[PDB]
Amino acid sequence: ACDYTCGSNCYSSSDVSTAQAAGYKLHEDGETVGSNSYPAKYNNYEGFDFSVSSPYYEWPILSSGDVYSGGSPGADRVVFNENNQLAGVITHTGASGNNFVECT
């Protein structure tokens, strides 16, 4: 079974941790990758009810299993905070415009 389901993509908690670990490391080094400069500040315009405190940062999680290294970010994101705590996994899939919905 999927721990997180983003549209058609299936993710296990181990997939999330690997992606999150990579994103946070770049965050610590103040470096970014990709045209959208990830990891990027996530403002939570959606108003998701995360149990961890902000600031939040979004980092692409890929259905392929590989860690994001530039190129197309796809539609899924892992959101983590400054304390490297997972806030949630969200996606553009099934969301209006450039908005996000949480993965189930």
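Residues carry their position along the shown sequence, with the first being 1.
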| query | finding |
| --- | --- |
| Mean Cα B-factor comparison, 37 to 45 or 63 to 71, giving the higher one as deposited | 63 to 71 |
| Mean Cα B-factor comparison, 27 to 35 or 73 to 81, giving the higher one as deposited | 27 to 35 |
| Residue 91 - Cα temperature factor, lowest/middle/highest third of chain | lowest |
| Residue 98 by Cα B-factor - lowest, middle or highest third of the modelled chain | middle |
